[PDB]
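Included below are structure tokens for two forms of one protein chain, each presented in isolation as structure 1 and structure 2.
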Structure 1
């Protein structure tokens, strides 16, 4: 659980592509040369013979301030603690000399938002003639997100920014939860200045997060309710897309006032009624009435398939 004491061989990382940016610096796609030497010092790489081993590297700015440097190593320690199939896992680090590095698996299919947008629901031939996804598989995607968040809750770890844009897709519809920050141009519209505070993902936020700034596992459940909606809409629309950002903030006030003026996300066509009612409980006014991730996961893996 402690951070690794010996660095990954920096010289083995060979650059291919830039994957992204951030205030910290860049994330690179790298190839690991002769990876069969290194699994012997695991570093549990999933070397599949006959295939090149690709890897994502989060790299600290070479011009980084001392405080950003400090923050980067704080994250190394946070990431070192996270050990679950549905959470981004640290393969290795490089911190006993510059540049500072965190290394993780490569997910071939990028973020879940862009992946679902490219798919048509199966039975619906409103196609591009073009990738389809079955309803069982939609559910399987959602179940994996639920299981990852359930793991994070056992750690008393609060994510604060769960959404499909922060989920990565590997082979066979496998999912991992990540945390990109909010610099990607593609999702600039998912973040808005809350007065007297910070730029935040208001459309995924529980009312107590918007009004007061209280983030907890129960607010993570609320964000999952919104994330599940996304998945069952196949990411064709932003939550509360009719409403302006200012209206979204006003709507949080109406949840608090609880007088029937608030509005909720409606039921996606792909979502059965039983699953919609569970979805609704995620948005309960009282935190303690929101469902535990254990319940959410069990329903998605079992009951939602037949109803």
Structure 2
């Protein structure tokens, strides 16, 4: 049974995508809608984000939208985006999720400086808290044997009090076009976040998600101040994968961020182990970061 679409009132656009755009909507007097799937605290109207399939969508776009509903219906964790409701029995097709009022994590961290017109700062423990939450969400996806394939701060959302949820906004956003390697007729690839075996073999696993987490953790500790391997070309990043394969000590790594102690950097390096099996599981990464 659908969420009652009439209870949504459009406020503004937040973003757009390959098979739907995301609108900020208001829900008046939401108390009668509360359920195991639809939580509420309560500025008395509830704000939600709604991804909507517009009227001129291609058949291919509609199919991808309906499959995204199915994929997201799997997701049941405090640090993963969740479907509060859907409207799919008639058009327009809608996915309803929590409004994450501080937007994507990359833009959020880019707007802060590490604790030494106001001046937004973030503390080192809070950075660790951000990182721990990402690891907790990934720990959950690992239990589902669900491979994310595009973990990065651009795909994470920030709510109140530095709460984090992992999401997936796809690979077509102009804002982050430089984070993907495009060859005509091939899958688009986030190569600067990809494990060497992914670059060479095009297959993604939980272990390559762990590598991408290492790069995401590096982003967080950089406060997103620069692109991974930013002074290298896409081609050099791809060649670096070859050097991991050959294992003659000529592969290169992301450097230690200014805000990152050597002990935490050693954890990053463990995420970038040549051998998939030597990379720490997310349960271990989460324990380290939280404790």
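Numbering follows the first chain given and starts at 1. Just so we're on the same page, rigid core means the largest C-alpha set that superposes within 1.5 Å between forms.
Of the residues checked (249, 64, 282, 265), the rigid-core alignment between structure 1 and structure 2 shows a Cα shift of at least 2 Å for 64 alone. In this overlay on the rigid core, residue 156 has a C-alpha that sits less than 2 Å away from its partner position between structure 1 and structure 2.
Comparing the forms between structure 1 and structure 2 on their rigid core, the Cα displacement of residue 236 stays under 2 Å.
When two forms of a protein are overlaid on their rigid core, residues whose CA moves 2 Å or more are considered shifted, and residue 194 is one of them between structure 1 and structure 2. CA movement of residue 146 between structure 1 and structure 2 equals 0.3 Å, with the two forms superposed on the rigid core. Once the core is aligned between structure 1 and structure 2, the alpha carbon position of residue 42 differs by 5.4 Å; this is the C-alpha shift at that site.
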